[PDB]
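Let me begin by presenting the structure, written as structure tokens, before commenting on it.
Residue numbers (PDB author numbering), protein chains in the order written: chain B, 1 to 116, 123 to 209; chain A, 1 to 115, 124 to 210.
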């Protein structure tokens, strides 16, 4: 496992990359970055990721940051035929969209509230993000975020939603989200264990 | 049948999708969304994009929002062999990274300022410094390769908003050369950016 992932134990983007690597059976070495000590802020770390954020992948000297791009690369390079990242352009676009939607909106709004500051408008924006994902699940009428099977689009949304559970936020009125999120735990308990370990830390 | 793009005349994500469609010679119908009238906030618009943001693509009933995903889709669907979006996993990852970097960081920091505080100004310079760093390490003429890719358009249009406010970024040697070389090598594509720049300047 010469593939190296620099990650943090309670960070949803890190968890998503680990779940994908585990689901794809791609061996890797995990480096727990010492966030409290500022390890991601050193020049050595910036040699790998000039953005100074976690995670970053080192694939035989190829340094790749941005967890969405890391998710896409692990599939494209090591499992190009896997349904975890379909090759059909339309099906692939739904996955790509859901990845962008998590980065641009869903995780952005949810984490602003589940971290640090909790305001009426922040609470409203959590509900708007849930409403939009609920809307997407209603329109596709799929069991998972981008298809009727698990894809890399699921992991970032799962780990964003996990932070709501971490603060005992009730989102059960979002029927399809609640079912999708809980079905994930039952169908993929090994992958959920990665989210659950972080959830207990965030708690 | 013709693609339909719902866009706004002064929005960098809209401009990037138009440049890609034009570069790939994919024909489309342009719908200029009436932002001032709130057209992107109606229920009919939300049928296409529940996020209520611009742009959104309608490809014969397939509704796709998020400009980065739209860029990837038009390449994957209509020009899979194009060097504008390489198929080699590593080369593709550099493109994908640069798209994410624009969305998460470069456009986020630059637009917060060009649309002003000491910390916001510092964050503009950090974003420029990071992109300057990436260009130095790849030693490439463009953002992800020695040829134009879809990664270039979002970064070009983020950088255009600095020019729109007369922000001097010439200290960033490689960014300045890359940006100005784009205008000279691709004048038709730059005309799309320039028309918005004149609106933003007003």
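Yeah, the Cβ is synthetic: ideal placement off N, Cα and C, and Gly gets one too.
Self-check item: Between the CA atoms of residue 60 of chain A and residue 1 of chain A - distance to the nearest angstrom
Solution: Working through the second chain from its first residue, we reach residue 1 of chain A at position 1. Working through the second chain from its first residue, we reach residue 60 of chain A at position 60. Distance between the alpha carbons of residue 1 of chain A and residue 60 of chain A: 7 Å.
Quiz item: Is the shortest distance between the beta-carbon of residue 103 of chain A and the beta-carbons of chain B less than 8 Å?
Solution: The residue given as residue 103 of chain A occupies position 103 in the second chain. It does: the Cβ of residue 103 of chain A has a partner Cβ on chain B nearer than 8 Å.
Exercise. Check whether the Cβ of residue 197 of chain B lies closer than 8 Å to any Cβ atom in chain A.
Key: Locating residue 197 of chain B in the first chain gives position 191, counting from the first residue. No, its Cβ sits nowhere closer than 8 Å to a Cβ of chain A.
Practice problem: May I ask which residues mark the beginning and end of the alpha helix (DSSP H) holding residue 149 of chain A? | Solution: Here residue 149 of chain A refers to the residue found at position 141 when the second chain is read from its first residue. Per DSSP, residue 149 of chain A belongs to no alpha helix (DSSP H) and is neither H nor E.
Quiz item: What first and last residue would you give for the alpha helix (DSSP H) that runs through residue 73 of chain B?
Solution: Position 73 of the first chain, counting from 1, holds the residue named residue 73 of chain B. Residue 73 of chain B -> alpha helix (DSSP H) spans 67-78.
Quiz item: Is residue 82 of chain A near the ligand SAM, going by C-beta to nearest heavy atom under 7 Å?
Solution: With respect to the ligand SAM, the structure offers nothing, as it holds no ligand at all.
Practice problem: Could you pull out every residue in the same chain whose Cβ sits closer than 7 Å to the Cβ of residue 170 of chain A, ignoring the five residues on either side in sequence? | Solution: Within the second chain, residue 170 of chain A is the residue found at index 162, counting from 1. So the qualifying residues of the chain are 110, 114, 177.
Exercise. Flag this pair as touching only if the stretch 141-156 of chain B and the stretch 71-82 of chain B have three or more C-beta atom pairs under 8 Å; answer yes or no.
Key: no
Practice problem: Using the Cα positions of residue 32 of chain A and residue 43 of chain A, report the straight-line distance between them to the nearest angstrom. | Solution: If you number the second chain from 1, residue 32 of chain A lands on position 32. If you number the second chain from 1, residue 43 of chain A lands on position 43. Cα to Cα, the separation comes out at about 17 Å.
Practice problem: Could you spell out where the beta strand (DSSP E) holding residue 28 of chain A opens and where it closes? | Solution: Locating residue 28 of chain A in the second chain gives position 28, counting from the first residue. Taken as a continuous stretch (DSSP letters only), the beta strand (DSSP E) holding residue 28 of chain A covers 28-32.
Self-check item: Burial state of residue 204 of chain A, where buried means 16 or more other Cβ atoms lie within 10 Å
Solution: On the second chain, position 196 is the one that residue 204 of chain A refers to. Buried, since its Cβ has 16 or more Cβ neighbours within 10 Å.
Exercise. Rounded to whole angstroms, what's the CA-CA distance from residue 145 of chain A to residue 69 of chain B? Just pull it up for me.
Key: Looking up residue 145 of chain A in the second chain gives position 137. Looking up residue 69 of chain B in the first chain gives position 69. Approximately 18 Å, taken between the alpha carbons.
Practice problem: Flag this pair as yes or no: are the beta carbons of residue 107 of chain A and residue 65 of chain A separated by less than 8 Å? | Solution: Start at 1 with the first residue of the second chain, and residue 107 of chain A comes out as number 107. Start at 1 with the first residue of the second chain, and residue 65 of chain A comes out as number 65. Cβ atoms of residue 107 of chain A and residue 65 of chain A: not closer than 8 Å.
Exercise. Return the Cβ separation of residue 26 of chain A and residue 3 of chain A in integer angstroms, given the expectation that the two are a contact with Cβ distance under 8 Å.
Key: If you number the second chain from 1, residue 26 of chain A lands on position 26. If you number the second chain from 1, residue 3 of chain A lands on position 3. Indeed they touch by this definition, with Cβ atoms about 6 Å apart.
Quiz item: Quick one: what does DSSP say residue 46 of chain A is sitting in, helix, strand or coil?
Solution: Counting from one through the second chain, the residue named residue 46 of chain A turns up at place 46. Three-state DSSP puts residue 46 of chain A in a helix.
Practice problem: Select from A:103, A:164, A:125, A:89 the residue whose C-alpha is nearest the C-alpha of residue 195 of chain A. | Solution: On the second chain, position 187 is the one that residue 195 of chain A refers to. Answer by Cα proximity: A:164.
Quiz item: Mind pulling the chain A residues with CB within less than 8 Å of residue 138 of chain B?
Solution: To locate residue 138 of chain B, count along the first chain from 1; it is residue 132. Residues of chain A passing the Cβ test: 50, 51.
Quiz item: Under 8 Å, do residue 57 of chain A and residue 16 of chain A count as touching if we go by C-beta distance?
Solution: If you number the second chain from 1, residue 57 of chain A lands on position 57. If you number the second chain from 1, residue 16 of chain A lands on position 16. By the CB criterion at 8 Å, residue 57 of chain A and residue 16 of chain A fall outside the cutoff.
Quiz prompt | Proximity of residue 173 of chain A and residue 20 of chain A at Cβ, strictly below 8 Å | solution = To locate residue 173 of chain A, count along the second chain from 1; it is residue 165. To locate residue 20 of chain A, count along the second chain from 1; it is residue 20. No, they are not a contact pair.
Quiz item: Taking C-alpha atoms, which residue in B:162, B:202, B:185, B:191 lies nearest to residue 100 of chain B?
Solution: For the purposes of this step, residue 100 of chain B is identified with residue 100 of the first chain, where counting begins at 1. Nearest of B:162, B:202, B:185, B:191 to residue 100 of chain B, Cα basis: B:162.
Self-check item: Whole-number beta carbon distance between residue 207 of chain B and residue 9 of chain B, since they are thought to touch under 8 Å
Solution: Indexing the first chain from 1 puts residue 9 of chain B at position 9. Indexing the first chain from 1 puts residue 207 of chain B at position 201. The Cβ separation is near 6 Å, so the contact holds.
Quiz item: From A:156, A:49, A:134, pick the residue whose C-alpha is nearest to that of residue 92 of chain A; which is it?
Solution: Within the second chain, numbered from 1, the residue matching residue 92 of chain A stands at position 92. It is A:156.
Quiz item: If residue 210 of chain B and residue 104 of chain B are in contact, beta carbons under 8 Å, what's the gap, nearest whole angstrom?
Solution: A question about residue 210 of chain B goes unanswered here, because the residues of chain B that appear run from 1 up to 209.
Quiz prompt | Close Cβ partners of residue 45 of chain A (< 8 Å) along its chain, the five nearest in sequence each way excluded | solution = On the second chain, position 45 is the one that residue 45 of chain A refers to. Within the same chain, residue 45 of chain A has close Cβ partners 6, 33, 39, 52, 56.
Quiz item: Between A:18, A:186, A:94, A:76, which lies nearest to residue 63 of chain B when the distance is taken from Cα to Cα?
Solution: Start at 1 with the first residue of the first chain, and residue 63 of chain B comes out as number 63. Out of A:18, A:186, A:94, A:76, A:94 has the C-alpha closest to the C-alpha of residue 63 of chain B.
Quiz prompt | Endpoints, the alpha helix (DSSP H) within which residue 160 of chain B is located | solution = On the first chain, position 154 is the one that residue 160 of chain B refers to. Note, residue 160 of chain B: alpha helix (DSSP H), 160-172.
Quiz item: Which one of B:76, B:11, B:200 has the shortest CA to CA distance from residue 89 of chain A?
Solution: The residue given as residue 89 of chain A occupies position 89 in the second chain. Cα-wise, what sits closest to residue 89 of chain A is B:76.
Quiz item: Does the beta-carbon of residue 49 of chain B have 16 or more other beta-carbons within 10 angstroms, so that it is buried, or is it exposed?
Solution: Position 49 of the first chain holds residue 49 of chain B. Residue 49 of chain B comes out buried.
Quiz item: How should residue 140 of chain A be labelled, buried or exposed, when 16 other C-beta atoms within 10 angstroms of its C-beta is the threshold for buried?
Solution: To locate residue 140 of chain A, count along the second chain from 1; it is residue 132. Its Cβ being crowded by 16 or more others within 10 Å, residue 140 of chain A is buried.
Practice problem: Quick one: grab the DSSP three-state call for residue 7 of chain B. | Solution: Working through the first chain from its first residue, we reach residue 7 of chain B at position 7. DSSP, reduced to helix, strand and coil, places residue 7 of chain B within a strand of the structure shown.
Quiz prompt | Delimiting residues of the beta strand (DSSP E) encompassing residue 189 of chain A | solution = Numbered from 1 along the second chain, position 181 holds the residue referred to as residue 189 of chain A. Note, residue 189 of chain A: premise wrong, no beta strand (DSSP E); alpha helix (DSSP H) at 181-193.
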